[PDB]
């Protein structure tokens, strides 16, 4: 009678949350039900204000220096707000906007095909959200409705300090959101042309493989439509296929999972 978002008290979701769902949807569900395993700010209007201030600083950096790291992304995807952080964004020598996702491994082994499908899906989500932000499909009203940010509340001295040191003078969280929308959509920010995953050995720094994700919008949209169907409560969570039963060996919830 209650959806998983309501039962787990989740106002939105993380990008990796849907990536774990590609690994095993039921394992992601148990991770939210039983969490016992798995700038100074004590409020959510400031925490989102800091995220906005970083966006307003990384947009001009990317458009001049041509290389930024830790770029926040957010947006509503089939009824659920999705939040994430892109690791790297830079312009190639040819002029393409590339997304670099570095994945370090302790053992020099090639990544499993099951691991790469989870990783290919994660960066595709990053592009799915990024393309929507820079094209005007992510509005401040869309953010308020899902996060329940109170714009009437003033931002604390923690943020106004971090803002005046950056040269910008914030008055309200509302004025900050309107500049973020304008800067994202009116600064010639192109779509992401290349999605590149790289697997690196932690010690020897050996390249364990390079993945250039073949992005297909209709395929990506279809999967999150299916994945969000669980979170909104329109279907029951599903475990791994019988072929991937080796995942249940290293799963924390193997001794309570009735799928197994």
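Positions refer to the first chain, counted from 1.
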Between residue 205 and residue 206, count the deposited residues left without coordinates and pick a bin: none, 1 to 3, 4 to 9, 10 or more.
none
Which has higher Cα B-factors on average according to the PDB entry: 27-35 or 57-65?
27-35
Output the stretch having the higher mean C-alpha B factor in the entry; the candidates are 129-137 and 155-163.
155-163
If you check the C-alpha B-factor for each of 120, 73, 170, 80 in the entry, which is highest?
170
Chain-wide C-alpha B factor ranking for residue 221, given as lowest, middle or highest third:
middle
Check where residue 252 lands among this chain's C-alpha B-factors and tell me if it's the lowest, middle or highest third.
lowest
Looking at the entry's B-factor column for C-alpha atoms only, identify whether residue 214 ranks in the lowest, middle or highest third of its chain.
middle
Please rank the C-alpha B-factors of the chain's modelled residues and tell me whether residue 19 sits in the lowest, middle or highest third.
lowest
Which third, lowest, middle or highest, does the C-alpha temperature factor of residue 98 belong to within its own chain?
lowest
